[PDB]
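The next block holds one structure in the form of structure tokens; read it before the comments.
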Amino acid sequence: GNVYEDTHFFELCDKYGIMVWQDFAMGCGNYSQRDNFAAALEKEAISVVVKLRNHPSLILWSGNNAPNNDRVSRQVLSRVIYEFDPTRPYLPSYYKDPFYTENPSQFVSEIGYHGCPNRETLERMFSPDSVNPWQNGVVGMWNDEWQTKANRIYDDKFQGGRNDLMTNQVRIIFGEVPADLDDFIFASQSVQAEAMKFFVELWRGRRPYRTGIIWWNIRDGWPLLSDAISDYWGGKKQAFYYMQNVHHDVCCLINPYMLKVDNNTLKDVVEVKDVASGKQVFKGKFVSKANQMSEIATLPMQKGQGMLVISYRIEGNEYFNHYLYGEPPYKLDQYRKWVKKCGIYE
Amino acid sequence: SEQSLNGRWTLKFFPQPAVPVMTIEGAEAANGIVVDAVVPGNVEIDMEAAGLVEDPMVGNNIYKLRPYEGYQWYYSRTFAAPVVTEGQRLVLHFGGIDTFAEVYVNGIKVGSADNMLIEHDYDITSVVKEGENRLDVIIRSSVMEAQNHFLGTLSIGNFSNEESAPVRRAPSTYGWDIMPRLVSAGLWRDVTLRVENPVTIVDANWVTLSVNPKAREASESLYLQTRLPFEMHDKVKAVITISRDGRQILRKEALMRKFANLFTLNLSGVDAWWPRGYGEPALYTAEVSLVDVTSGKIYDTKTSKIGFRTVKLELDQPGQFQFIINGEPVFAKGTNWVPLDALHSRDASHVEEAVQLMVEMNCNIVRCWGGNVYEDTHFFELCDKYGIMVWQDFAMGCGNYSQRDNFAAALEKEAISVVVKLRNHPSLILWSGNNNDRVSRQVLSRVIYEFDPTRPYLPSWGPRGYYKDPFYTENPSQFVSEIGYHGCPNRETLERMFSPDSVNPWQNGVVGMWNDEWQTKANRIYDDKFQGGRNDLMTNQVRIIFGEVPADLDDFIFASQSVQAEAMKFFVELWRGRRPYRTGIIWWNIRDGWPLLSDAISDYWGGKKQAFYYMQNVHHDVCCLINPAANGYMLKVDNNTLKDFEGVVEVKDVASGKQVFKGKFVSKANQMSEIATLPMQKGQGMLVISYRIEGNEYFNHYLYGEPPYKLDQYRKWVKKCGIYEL
């Protein structure tokens, strides 16, 4: 759905090492099968491929479509790759529920979860008389200014829709709605941080089988409410720092317990402890093999809603992580003090 | 507003020179004959009304129109300019032009026609002046236009004329085995002047996603496209109304934010559409309108009648499929639709009479043969009212076609035009290409894939001997789409067709030998005078069943029509009686398009050959029929409904008078039920099947024994059974 980024974008991806999965500019749906559209698309496909076929970051072309009888994705675009780029592969096309933990998709591509942006962002997106999300103080009901920033394409007055995804996540994971706007900001960015962190930990945990995970939005493009872990003006949300600790080249994490480390390199100790009680759950050395998920030890099932800390050091450098164990609904003030005693994050 | 330009025009015809006349100056400067024409109409009608040509329906007067195939036709008339406010568009609509023609308005060319099967709309807003406008159409020779193309090997030697391959016309107009060579020409459909506001509906495609007849609900989607100026965006609403007999059932208003929208409706309290037998053909008036939200002015309205039905062809060899309408497997029983008239401008006057022939025979399906033009909307409106499913075949006939770009472009334009026009009728259930063909397995599959993903698309006689031959009784096809038997027309039709000295078929008094007028109306495309051929099927089949061909004409008519009736009845009974394996049978055919000698069961003029009445009793919703067996016979009953029926059936012998069986049968819904095993009968004769259902007595029969028979004995058996008059 995005314009083709210019050469300077791919140049930065070459400089740092970030591979690119470039989709041809077509949205969710199908297009014309006639000669007029296919010719206009081939002119664009040729101009784009020849422009970007010299960057080592680019690894794959895709049509972003649905089927096997589509001329656009199975003929027009495939023929351009066949002649102007025969080196890159082409392709035509609560969070712990079984919809996520049992999905047999080795390479997931569009995993998302809502989260309210920072307060400074809210004060700049909405007028002063509409910074508060609730209409007439009725929680769960959004005013019209929050409805528009939830990506309402037209001026159709309605209640609910997309913003209800923020309340639905806060109610299940934390009990109910925090009337205090700052308490709601902390609750919304925590249900997004804990969810997509659990998703990266789940794909990296079942590594032998899982092949990759690409979450949704790391920087949006307009003053709006979205699944992004950072807003337009640069306000990084809590999900940014959460997913950072589960994205190191060597990361120790816990999956539903099972302490395991995943290594995303070609190069060949850990301390688990409850934050409240302080009892050492496990301590010992580990040998994380290269490009392999090495399991450590099975941890006992700790009773009571709490939180663990996963402190591990490699080559003199220290790293931190955590794992929230138990079952929702939780308590917002209790969770606010769990991460405070953790020391990582605000 | 839509002012009709139909009526009296001025037609001028002349032979086409080496360079076809394509300008109004060359037409007005040529040497020809100027007569008065009638629009809609064919050029043969206009010349016949002035005595220039004789009646092509009588004798061999059809070949006397041969020299006119290389003529040009110059239509001309004058029309007043309708009041056009600024922003509106004046469109000149052509329902049909046969074929290659150059349209002119006020001396300025406003389009070039190249197809007789689709419509042609021309925007003539700028060229129309104030007062006396002039519309001049100049048609050229469709036969000579075929020589502008180089044919392939597979496009030559087919039964379809080589002149038909490189052009987009009805293949039967160049002559077939059941329709004459009357290529004809002219504006054979309506010519009107439509006005279009700046806001006007472009298309209203209704699609039935899912249907629930039991709960009386269905999901109806509407795909609306409209021309909406941006200064009118967010200021016009779309009013969707689905009513039935003045009783509104839905009223949804939506503001036009985009130019194209999908309005998915969840109807409540609505009945599903069903073919004949499986229920009621529930139709609903679905009207859309673009109304201004402020002034309340309505800009354009598109009203139609849709039906909540779903189609799904269930495949497993040709014919290995069964139609599934609304989730239930239906057994198709119907006829093939041939041209209604060689002069196709009169098809609008025959559609109402011909459709009634199917209602009377209770046909659930009708396969519009590819050799014919595309029938207009009424045909499909009647098939919606009476619940007759339609199997439309694209206009292509026996033979392979071109594999090149310029032909696929002309066919794609035709396919998109006819699909968009005929995709809102609940009767139509299948698209088919009659033909590694680029046209059958690509150009048309692509048109269906994008413009109608709701109906299935299909990329796809013999010795004509005894109807009990293993060629028919052992044909493994579950669904036969073409099967017929020859039968001489009624005497009154023969006396109106041939000349007085040619009503008797036997040339020089010897049987089997046909005179030249009978050979002409078999049908032979070209006056190659010869003996035998297609007409010999009549005397051959009569000689098989009755042993010897009668010399008397009235005895020959009764002999031929009886062999045709006993054969066509035997086939429908052989398919309805072998369910659930046999899924349908489409016989050929129900009505002739010319005064001709065919294998149809009724002629052009109204003459119901005896096969029309024999097949009425084997096309009932619940029908008892006897099928042959090795050591005996089998009394069966077939139910083409979703209901159960009880009744009693009594089978007697017509000659002796004894009783063979009498018992109560139970016919479950949508399946053949075996009643009893009738013992073997001695010699030859006829059994009578009488069965009563809800106090109504229905009749049938079975002819036992093996051929040959005696014509006098068979005529007496019929008269005793008392079912069919003689």
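Bear in mind that the values in this text are calculations on the coordinates, not laboratory data. Note that each Cβ is placed from the backbone with ideal geometry, even for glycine, and that neighbours are counted across all protein chains shown.
For segment B:122-152, which trypsin sites (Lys or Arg not before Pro) pass both filters: DSSP loop (anything but H, G, I, E, B) and at most 13 other C-beta atoms within 10 Å? It would help to have the intermediate numbers written out before the result.
Details: sites: B:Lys129, B:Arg134, B:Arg140; in loops: B:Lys129, B:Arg140.
Passing sites in segment B:122-152 are B:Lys129.
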How many nm is it between the label spots at B:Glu130 and B:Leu209, if each spot is 7 Å from the Cα in line with the beta carbon?
-> 5.3 nm
Within segment B:544-579, find all residues whose amide N lies under 15 Å from a label point positioned 7 Å from the Cα of B:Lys710 along Cα-to-beta-carbon.
-> B:546-548
Please identify which residues in segment B:206-241 have an amide N closer than 15 Å to a label point set 7 Å out from the Cα of B:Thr294, following the Cα→Cβ vector.
-> B:229-237
Among the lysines, which have Cα under 27 Å from the Cα of B:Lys413 when same-chain residues fewer than 8 positions away are ignored?
-> A:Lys43, B:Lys109, B:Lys258, B:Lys302, B:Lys305, B:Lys312, B:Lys421
Treating only the Cβ atoms of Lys and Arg (+1) and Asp and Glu (-1) as charged, compute the dipole magnitude of segment B:666-722 about its Cα centre; round to the nearest 20 debye.
-> 280 debye
Debye, to nearest 20: dipole size of segment B:314-370, +1 on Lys, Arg Cβ, -1 on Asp, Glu Cβ | 100 debye
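Based on the Cβ-Cβ distance from A:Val50 to B:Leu315, what FRET efficiency comes out when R0 is 51 Å, to the nearest 0.05? Present the calculation step by step, with values, prior to reporting the outcome.
Numbers: r = 45 Å, r/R0 = 0.87.
It comes to 0.70.
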Hey, which of these cross-link pairs are over 18 Å Cα-Cα: B:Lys569/B:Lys608; B:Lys662/B:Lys719; B:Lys385/B:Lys569; B:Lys521/B:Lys710; B:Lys333/B:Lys664?
-> B:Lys662/B:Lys719; B:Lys385/B:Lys569; B:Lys521/B:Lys710; B:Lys333/B:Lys664
Mean residue ellipticity at 222 nm from the helices of chain B, using -39,500 (n - 2.57) per DSSP H segment of n ≥ 4 over the full residue count, to the nearest 500 deg cm²/dmol?
-> -5000 deg cm²/dmol
For B:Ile689, list long-range residues whose amide hydrogen, built 1.01 Å from N in the peptide plane, is under 5 Å from its own amide hydrogen.
-> B:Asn700, B:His701, B:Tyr702
Cα centroid separation - segment B:419-490 against segment B:169-208, whole Å = 22 Å
Rounded to the nearest Å, what's the spacing between the alpha carbon centres of segment B:546-614 and segment B:643-703? Just the number, please.
-> 23 Å
Could you tell me the distance between the Cα centroids of segment B:132-168 and segment A:78-133, to the nearest Å?
-> 56 Å
Using label points projected 7 Å from each Cα along Cα→Cβ, tell me how many nm separate B:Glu694 and B:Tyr581, to one decimal.
-> 3.3 nm
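If R₀ is 22 angstrom, what is the calculated FRET efficiency for the pair A:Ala25 and B:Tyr449, using the beta carbon separation as r and rounding to 0.05? Intermediate values should be presented prior to the final figure.
Numbers: r = 23 Å, r/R0 = 1.04.
For A:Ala25 and B:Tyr449, the calculated efficiency is 0.45.
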Quick one: which of A:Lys237/A:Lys267; A:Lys273/A:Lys341; A:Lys15/A:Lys197 span more than 21 angstrom between C-alpha atoms?
-> A:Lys237/A:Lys267; A:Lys15/A:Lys197
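Please list, by residue number, every one of the GluC sites (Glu not before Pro) in segment A:129-234 that is coil in DSSP and has at most 14 other beta-carbon atoms within 10 Å.
Sites meeting the loop and neighbour criteria: A:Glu176.
Using Cα pairs closer than 8 Å and at least 6 residues apart in sequence, work out the relative contact order for segment A:193-241, in percent.
Working: 51 pairs, mean separation 14.3, N = 49.
The value is 29 percent.
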Give the cross-link partners of B:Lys658 among the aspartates and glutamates, using a straight C-alpha distance below 16 Å as the criterion and excluding same-chain residues fewer than 8 apart.
-> B:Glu650
Estimated inter-spin distance, A:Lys96 and B:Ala260, nm [label 7 Å along Cα→Cβ] = 4.6 nm
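Work out how much length B:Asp644 to B:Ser656 would gain on full extension: take 0.36 nm times their residue separation and subtract the Cα-Cα distance, in nm to one decimal. Walk me through the numbers on the way to the answer.
Details: separation 12, 0.36 × 12 = 4.32 nm, distance 3.42 nm.
Length gained, B:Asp644 through B:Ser656: 0.9 nm.
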Give me the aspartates and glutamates in straight-line cross-link reach of B:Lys214: C-alpha distance below 14 Å, same-chain residues under 8 apart excluded.
-> B:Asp271, B:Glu280, B:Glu328
Note down the magnitude of the dipole of the protein assembly as shown about its Cα centre, charges +1 on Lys and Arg C-beta and -1 on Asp and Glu C-beta and zero elsewhere, to the nearest 20 debye.
-> 3380 debye
Rounded to the nearest 0.05, what FRET efficiency do A:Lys340 and A:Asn255 have when you use their Cβ-Cβ distance and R0 = 30 Å?
-> 0.75
